[PDB]
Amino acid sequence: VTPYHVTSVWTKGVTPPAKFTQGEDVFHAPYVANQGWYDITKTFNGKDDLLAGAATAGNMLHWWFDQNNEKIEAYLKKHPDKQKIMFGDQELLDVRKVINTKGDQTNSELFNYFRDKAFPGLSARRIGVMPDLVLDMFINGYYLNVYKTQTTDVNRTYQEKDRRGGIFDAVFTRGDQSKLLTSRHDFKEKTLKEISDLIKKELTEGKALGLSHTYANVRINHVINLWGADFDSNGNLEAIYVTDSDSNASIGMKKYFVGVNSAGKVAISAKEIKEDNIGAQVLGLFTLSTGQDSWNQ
């Protein structure tokens, strides 16, 4: 028997939950607003069913707003036209509402807009959307062709703004590498160590994280928000803390074990990775930076 010894790293601006109940299936902390973390939660109305990418991005945006809260109010007075997305005469989004509802798991304006206006035909098509790309579209306004899944190329030929986004266009421009706030990383083929190490650095550098994973089917995988991680004395992940849009609103932050499974893959489970509990393999990571180097200018 050895002493317990755990290093815990949490996202810039996020208070770790304090009360964690063990449930029949998961260990979880219920959602309490204004602790800096977010739980956009799907209702499964036919439109949001496969929109976990836009939800994970949504939660990352709602954080982003909290981090950049004073610079953002200043930007919206300086550029009042970026307080709304117009499609000619109709109003599609009010940036003021996004801010006043961001605490709502089921009825944030930001997810309503994603579900209803920006990406309503994705679930029918049985595809979803890459979080990074939702972010690059919402902040910088980079056009998002939902059939193209590669990361944003700043040097690309089509440099015009997406009419669905571009809110912070005048600071976070297009065409400049330095103003792209997003990253994406592949974790297939990589080690516990390698994966542990990248999650530690990204958290430590002050990014918000999303983690994708296998979802017990051959065709369509899941993505969630990765808010904090626990590492062992050897510096490998033992555990992570997540919100998940398929999980109903009463669950909130969930602890997942991390560890190598029977089949030699890094995997995550509400229960301990051992025996027959083979968990879901972890697949990649998405990253959002605050952009404060740029905001300061």
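Throughout, we count residues from 1 along the sequence that is shown.
Chemist: Taking the mean of the C-alpha B-factors per stretch from the entry, tell me the winner out of 93 to 101 and 220 to 228.
Modeler: Higher of the two, by average CA B-factor, is 93 to 101.
Chemist: Mind pulling up the entry and telling me whether 127 to 135 or 186 to 194 has the higher mean Cα temperature factor?
Modeler: Averaged over C-alpha atoms, the B-factors run higher in 186 to 194.
Chemist: Can you tell me which of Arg164, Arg156, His213, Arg115 has the highest Cα temperature factor in the record?
Modeler: In the PDB entry, the greatest C-alpha B-factor among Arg164, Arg156, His213, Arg115 is found at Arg156.
Chemist: Identify, among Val242, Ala57, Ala263, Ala270, the residue whose C-alpha carries the highest B-factor in the deposited PDB entry.
Modeler: That would be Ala263.
Chemist: Against its chain's modelled residues, does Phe119's Cα B factor rank lowest, middle or highest third?
Modeler: Lowest third - that is where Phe119 ends up once the chain's C-alpha B-factors are sorted.
Chemist: Of the three thirds of its chain by CA temperature factor, lowest, middle or highest, which one includes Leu237?
Modeler: Tercile = middle for this residue's CA B-factor.
Chemist: Select lowest, middle or highest to describe the third in which the CA B-factor of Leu181 falls within its chain in this entry.
Modeler: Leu181: CA B-factor falls in the middle third of its chain.
Chemist: How does the C-alpha B factor of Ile278 compare with the rest of the chain: lowest, middle or highest third?
Modeler: Middle third, going by the recorded CA B-factors of the chain.
Chemist: Going by the entry, which third of its chain does the Cα temperature factor of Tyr38 land in?
Modeler: CA B-factor rank for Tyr38: lowest third.
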